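K.L.:
Residue numbers (PDB author numbering): 1 to 67.
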Amino acid sequence: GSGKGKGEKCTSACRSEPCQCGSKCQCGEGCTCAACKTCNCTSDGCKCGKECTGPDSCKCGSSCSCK
Ligand SMILES: [Cd+2]
Ligand SMILES: [Cd+2]
Ligand SMILES: [Cd+2]
Ligand SMILES: [Cd+2]
Ligand SMILES: [Cd+2]
Ligand SMILES: [Cd+2]
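(1) Taking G3 as the reference, which of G30, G22, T11, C19 has the closest Cα?
(2) Buried or exposed, going by whether 16 or more other CB atoms sit within 10 Å of the CB of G61?
(3) Identify whether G22 lies in helix, strand or coil by the three-state DSSP scheme.
(4) Residues around ligand 4, please: the condition is that the C-beta lies closer than 5 Å to some non-hydrogen atom of it.
(5) Measure how close the beta-carbons of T38 and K67 come, nearest whole angstrom, since I'm counting them as under 8 Å.
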């Protein structure tokens, strides 16, 4: 049942639709919302070292090397 929803570190912007984090993002790790989450690590392997391969499994809540 888990996997649907937002995290505690989500913004009031991410909790709006559409995602208002386009100009106001501060979401933490508990956010798999690709609307505000972006990543540079590729599917062949993690590049930053947080063990992530894209926003689909990016633990990083921005402000990281792969950001
Ligand atoms: Cd969020
Ligand atoms: Cd979002
Ligand atoms: Cd956000
Ligand atoms: Cd990474
Ligand atoms: Cd990442
Ligand atoms: Cd990272």
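The C-beta atom is built at its ideal place from N, Cα and C for all residues, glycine as well.
P.N.:
Considering the structure as presented:
(1) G30
(2) buried
(3) Residue state, collapsed to three classes: helix.
(4) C41, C46, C48, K50, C52, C66
(5) 7 Å
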